[PDB]
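Okay, so here's just one chain, in structure tokens, the form deposited in one PDB entry.
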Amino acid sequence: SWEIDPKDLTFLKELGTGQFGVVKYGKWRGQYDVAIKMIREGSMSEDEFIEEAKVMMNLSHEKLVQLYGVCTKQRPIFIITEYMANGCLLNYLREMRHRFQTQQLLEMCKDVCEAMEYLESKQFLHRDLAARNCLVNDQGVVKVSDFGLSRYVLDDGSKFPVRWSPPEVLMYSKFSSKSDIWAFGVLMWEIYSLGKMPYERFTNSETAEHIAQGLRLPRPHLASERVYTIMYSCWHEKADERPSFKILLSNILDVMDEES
């Protein structure tokens, strides 16, 4: 299967602490550069996680973080992925030294929209889409990661992911691809806001109340009326009125072509 021999891994440097444990940079078989995420003990429903992991291993798309294998015959569990040099997109946006161009911001939205259109086509829900869960490689390409892992988190008022959730999730936990749509719109807002906190002046519970009342994030300065109309369309009250990732990608492609 997708089992990797942990004895063929080398830990050269700890890149930081992510969701479900620490992440290392090392070599696989002394040939390939990889990132090894060590699942912290007691942070996930490991049995359910290992099975579904095999399903996620078969998901293949350029804009999804490439999964190489796992190390489940031991503890802590190891996840071997490709090394994204520029790390977390959120910290990447909050790096003013990069001086992102508007065209680059739209390119980052398209990268994420490609992966979500693929996940949508396979009927796989991410359920925690946000800049913090996206990664960037040396070439500046954004890729989606941690898709579908919140299902196996072990919880140990309103929590932080409320700021990326539509009303039906806040009130009923009715997760669907349409709730990924909403979250993607907030992701576009983070991008064009260069990592700004959504609803920065509000607590989690207050954000939930304002969302249920119809409050929407404002138009970022770096976003044109055309771009803001796309991210704003992810925020229709009725889940069935929100466009699919097919339409979102189609819209983003149209704007990019006009800017060509």
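Take the two forms, superpose them, and find the largest set of C-alpha atoms that agree within 1.5 Å; that set is the rigid core. So that there is no doubt, residue numbering starts at 1 and follows the sequence shown.
Another form, the form deposited in another entry, is not on view; read the next lines as being about it.
Aligning the rigid core between the shown form and the other one and inspecting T229, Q31, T203, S60, the C-alpha positions shift by 2 Å or more at one residue, which is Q31. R99 shows a C-alpha shift below 2 Å between the shown form and the other one [criterion: core-superposed Cα displacement of 2 Å]. A displacement of 2 angstroms or greater separates the C-alpha positions of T72 between the shown form and the other one, with the rigid core held in common. The rigid-core alignment places the CA of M84 less than 2 Å apart between the shown form and the other one. Look at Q19 and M231: in that other deposited form their Cα atoms move 3 Å or more farther apart than in this form.
Relative to this form, the distance between the C-alpha atoms of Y172 and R242 is reduced by at least 3 angstroms in that other deposited form.
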